[PDB]
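To begin, one chain is listed below as structure tokens, in the form deposited without this ligand.
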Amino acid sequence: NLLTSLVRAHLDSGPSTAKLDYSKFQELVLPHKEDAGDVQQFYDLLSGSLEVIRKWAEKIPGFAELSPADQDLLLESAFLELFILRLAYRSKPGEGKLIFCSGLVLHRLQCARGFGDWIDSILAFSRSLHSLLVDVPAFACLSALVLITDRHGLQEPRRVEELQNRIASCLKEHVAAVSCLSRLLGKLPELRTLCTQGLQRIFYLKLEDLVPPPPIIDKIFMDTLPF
């Protein structure tokens, strides 16, 4: 029932296989490495997930019973990790095909310019995720475990740990019912490292300042830098 709730929240947070949008998709991308249009698209694809990941989190049983300050800190801290995990899972790295939570489908070369090298690190992680063959219930727990985790400055870190423990127990109980758990849990630290390169990319783009990040992305960037 926790599991059922987590699966409901996951499946309601992404596009139906029918609401997929191939109208912008380019099978072969023309030759011709960074313009204002590329930076705008990068911030737009990031910003497309903000509202979606907040509504998903609010359907995680227990999440709305954390303090409003802890809810905000967990969302800000996990935003990039959750954006990458959900993109990695949804996408088709065998075809270099990125599927965004709007249902927009883009080839890697159509967003490489905004993303920089990071998009190739994200596709490598997507290919490693796909090889584990994570079933939707397992992924509905894992994604919740990315958000519901210790972060510096939590008001009720013990209640965050207890909710994490419940979701971890829900996941272990599910993987047993169908060494493989620890390969799943192994993807969490890899996701943390991957999203360091996301923070590196935003730093570079703010230095370059072709187009500034929209306020909410800028705040996540500034707030998650320990300095």
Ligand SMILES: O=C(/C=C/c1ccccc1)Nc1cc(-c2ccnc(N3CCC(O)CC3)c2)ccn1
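All residue numbers refer to positions in the sequence shown, first residue = 1.
Not on display, but discussed next: the form deposited with this ligand bound.
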{"item": "4.5 Å heavy atom contact, residue 90 to this ligand in the bound PDB entry", "value": "yes"}
{"item": "Contact of residue 213 with this ligand in the bound PDB entry (heavy atom, 4.5 Å)", "value": "no"}
{"item": "Contact label in the bound PDB entry: residue 139 to this ligand, heavy atom within 4.5 Å", "value": "yes"}
{"item": "Exercise: residue 104 in contact with this ligand in the bound PDB entry, heavy atom 4.5 Å", "value": "no"}
{"item": "Heavy atom contacts to this ligand in the bound PDB entry at 4.5 Å, residues of 125 to 159 in sequence order", "value": "129, 130, 133, 134, 136, 139"}
